[PDB]
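First come two forms of one protein chain, each written alone as C-alpha cells, so that there is a structure 1 and a structure 2.
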Structure 1
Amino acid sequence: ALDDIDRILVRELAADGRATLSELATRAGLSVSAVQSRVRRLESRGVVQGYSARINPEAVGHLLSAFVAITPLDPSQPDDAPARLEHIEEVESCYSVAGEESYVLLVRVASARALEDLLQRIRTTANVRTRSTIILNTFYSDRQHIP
C-alpha cells in the first residue's frame, strides 16, 4: 500500500521537487501540519528517496553519453562489477539486465576520445568486455509516472 493522498503528494513532488510545503497542501487538500509529515513518513519508508535538480549534461561539458553494456570475462570469480565501478564517477547508472549482456551502464564523458579512455578503465577495473551504444539526442528523460 501507499494511500491515495500520498499519491497526489508523490505526483506533485515528481513534477516539482521545490514544490512548496504550503502550495502542496492546497491542491493536496490539507494543513501544512498533515503534509509535512506525510512527506516525512514518505521519506522514512523509502518512497521519495531524494530531491534532485535536473542538470543538463551538455551544458556542464558532457558532450557524449553512451549506454555501455558489460559482461564479466571470468565466470569463476565473484561477479561484483557494480561495486567495482561504483567509484568511477562518470558511470551515472548501473542496471543488471536479462539480455546478451550482464549489466547496462549509462555513462557521460567529454568527447569520443574521452569514451575510449573511460572504456579501457571500465574493462581493467571490473574484469569485463564492453559493448557500447552512443546517445545522439535525449528527447525526454525521467518523466516519472505515478499510476
Structure 2
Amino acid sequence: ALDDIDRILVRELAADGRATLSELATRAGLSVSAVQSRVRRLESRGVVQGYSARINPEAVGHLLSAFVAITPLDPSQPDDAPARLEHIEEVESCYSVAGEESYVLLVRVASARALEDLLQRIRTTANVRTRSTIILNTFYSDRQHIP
C-alpha cells in the first residue's frame, strides 16, 4: 500500500535521511503536518526501518572487511546462529542464503590478526565452519533504489 506521495517521501529520505519536514512538504506538495503523519505511518508499518549516518569504516579503524559464509557443524537442532552472533559487534550484517552454506556475514575488523581472532569467536559461538572472502575495495554501496 505505497501511493505516489509515499514513494516521493521514501525516495527523498533514502537520498537524505535528514531532509527536514518543511523540505519534504514542499517537495510532495503537502502541509508539514501531513508529511509528519505520512512519515510516522511509514515508520510504524515497517517501511522505514530507521535512520543512519553512513560512516567511512576506514576513518574509524576498520581497515579490513570480509564476507564470511557459515555452515552449522551439526544442522539437526534448529538454528540460533543469527541470535547467537548478534552479540559480536564486529558482525555488521547477517543473511540466510540458498545453496551450500547457510548464512553469509559481513564483518569488519582492524587487521589480519584481528580477523583471525574473530573467525575463532565465530566458529565457537555459533558452532559453524567458515569460508572467508576478504573485500579489497568497496566501489559503492547501499545505493537504495525505489522503483
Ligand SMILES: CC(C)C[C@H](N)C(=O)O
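Structure 1 provides the reference sequence; residues are numbered from 1 along it. Rigid core here is just the name for the largest C-alpha set that superposes within 1.5 Å across the two forms. Only residues modelled in both forms are compared.
Of structures 1 and 2, the one that is the form solved without the ligand:
If we ask which form is the one solved without the ligand, the answer is structure 1.
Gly61 C-alpha moves between structures 1 and 2 by 2 Å or more, core aligned:
For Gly61, whose C-alpha is compared between structures 1 and 2 after core superposition, the shift is less than 2 Å.
At a 2 Å cut-off on C-alpha positions, does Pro78 qualify as shifted between structures 1 and 2 after fitting the rigid core?
Yes, its C-alpha moves 2 Å or more.
Aligning on the rigid core, what is the distance the CA of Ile88 moves between structures 1 and 2, in angstrom?
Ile88 is displaced by 0.6 Å at its C-alpha.
For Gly29, CA displacement between structures 1 and 2 after the core is overlaid, in Å
A shift of 1.0 Å.
Report, to one decimal in Å, how far the Cα of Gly99 moves between structures 1 and 2 once the rigid core is superposed.
The shift comes out to 2.2 Å.
Considering only residues modelled in both forms, extract each run of at least three consecutive residues whose CA displacement is 2 Å or more throughout between structures 1 and 2 after core superposition, in sequence order.
Shifted segment: only 76-78.
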